[PDB]
Amino acid sequence: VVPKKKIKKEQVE
Amino acid sequence: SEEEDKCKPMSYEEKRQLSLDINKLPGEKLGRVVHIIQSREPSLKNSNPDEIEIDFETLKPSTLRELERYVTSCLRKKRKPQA
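Heads up: the protein sequence lines correspond to chains B and A, in order.
Mind the numbering: the first sequence is residues 201 to 213 in the entry's author numbering, read in order.
Mind the numbering: the second sequence is residues 1 to 83 in the entry's author numbering, read in order.
Printed below as a string of structure tokens:
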């Protein structure tokens, strides 16, 4: 399972 | 009804890559994925656009292919969009 993407602001890499 | 066949199913390896290409999107551009997701997935409309949880398991192939193709406009057409 692909881990749920935690998008809590500033997640850009 | 063709929309269901026109869209190709996103596999596990792909949803991973997707979650990684989404992770490449800068804060402003990644608000679109939240938006595509929230809009195409009205079941998660309760989630805030700056606090979204992209659930690639609940995301329909349509959204996933959109998210993926969307990032590619920013990623595979521009190196490091946050630079």
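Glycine included, every Cβ here is placed at the ideal spot set by N, Cα and C.
- Taken through DSSP and simplified to helix, strand or coil, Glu-28 (chain A) comes out as helix.
- Within the same chain, Cβ atoms closer than 7 Å to the Cβ of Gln-38 (chain A) are found at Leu-44, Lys-45, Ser-47, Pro-49 and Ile-52, the five residues on either side in sequence being excluded.
- For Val-212 (chain B) against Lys-24 (chain A), the beta-carbon gap comes to about 7 Å, under 8 Å, which counts as contact.
- Our two residues, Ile-22 (chain A) and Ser-1 (chain A), have alpha carbons roughly 28 Å apart in a direct line.
- Annotation: the continuous alpha helix (DSSP H) that includes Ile-22 (chain A) extends over 12–22.
- Going by DSSP, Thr-72 (chain A) is part of the alpha helix (DSSP H) stretching over 61–75.
- In the three-state scheme derived from DSSP, where H, G and I count as helix and E and B as strand, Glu-53 (chain A) is classed as strand.
- Ranked by Cα distance from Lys-205 (chain B), the first of A:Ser-11, A:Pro-42 and A:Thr-58 is A:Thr-58.
- Within the DSSP bridge table, the entry for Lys-206 (chain B) names A:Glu-53 as partners.
- In the three-state reduction of the DSSP assignment, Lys-6 (chain A) falls in the helix class, which pools H, G and I.
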